[PDB]
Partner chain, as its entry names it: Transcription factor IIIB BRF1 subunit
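Read the single chain below, which is given as structure tokens and is the form solved without its partner chain.
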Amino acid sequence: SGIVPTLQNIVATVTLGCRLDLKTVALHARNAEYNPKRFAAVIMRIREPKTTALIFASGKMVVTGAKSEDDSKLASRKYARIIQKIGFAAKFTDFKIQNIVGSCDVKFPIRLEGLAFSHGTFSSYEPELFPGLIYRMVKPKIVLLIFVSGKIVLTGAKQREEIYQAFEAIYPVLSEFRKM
């Protein structure tokens, strides 16, 4: 015992409280992308912090790339500003981290087919497309990627406590079906 999951990035959603014109938002934004073949929203991006974000015409936008709360709190303000700096009336509220990303190594390889045979009612493993394993932690609800290499990822958490728990919950499941 002694690994602890390390935070790698975080994702939060923000709302301007006002609708915007994706066509003009991407045309007025110095760093934005609008692909009508993927969806109906724009994609902003800044190098300080180096993160990315996608705003919707409904004002609701999602920002990702931060590694903590203060990291995302600043990235969002910058995006919401690009809109007000463009002339729109975007605001800065409804900010909340709904997904935290973490990762760590158990120091040993794990049997991908062993975990899928013990938790087939929750774990997933497709040797025809994904050589890694995907465990959908029941509580909290999070997805953990485990590769024979020993790399464990944890995304979908809603609070640092979630990522630290998801690992403390599957930590044993892996040690029980380790490979070495």
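Numbering follows the first chain given and starts at 1.
The protein also exists as the form deposited with its partner chain bound; that form is not presented, and the subsequent description refers to it.
K.L.:
Evaluate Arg19 for contact with its partner chain in the deposited bound form, applying a 4.5 angstroms cut-off between non-hydrogen atoms, and reply yes or no.
P.N.:
No - in the deposited bound form, heavy atoms of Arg19 and its partner chain never come within 4.5 Å of each other.
K.L.:
Report whether the minimum heavy atom distance between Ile110 and its partner chain in the deposited bound form is within 4.5 Å.
P.N.:
Answer no; every heavy atom of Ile110 is more than 4.5 Å from its partner chain in the deposited bound form.
K.L.:
Even though its partner chain is not shown here, does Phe95 get within 4.5 Å of it in the deposited bound form, heavy atoms only?
P.N.:
So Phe95 counts as contacting its partner chain.
K.L.:
Against its partner chain in the deposited bound form, would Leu74 count as a contact residue? Criterion: heavy atoms within 4.5 Å.
P.N.:
Looking in the deposited bound form, residue contacts with its partner chain include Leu74, since a heavy atom lies within 4.5 Å.
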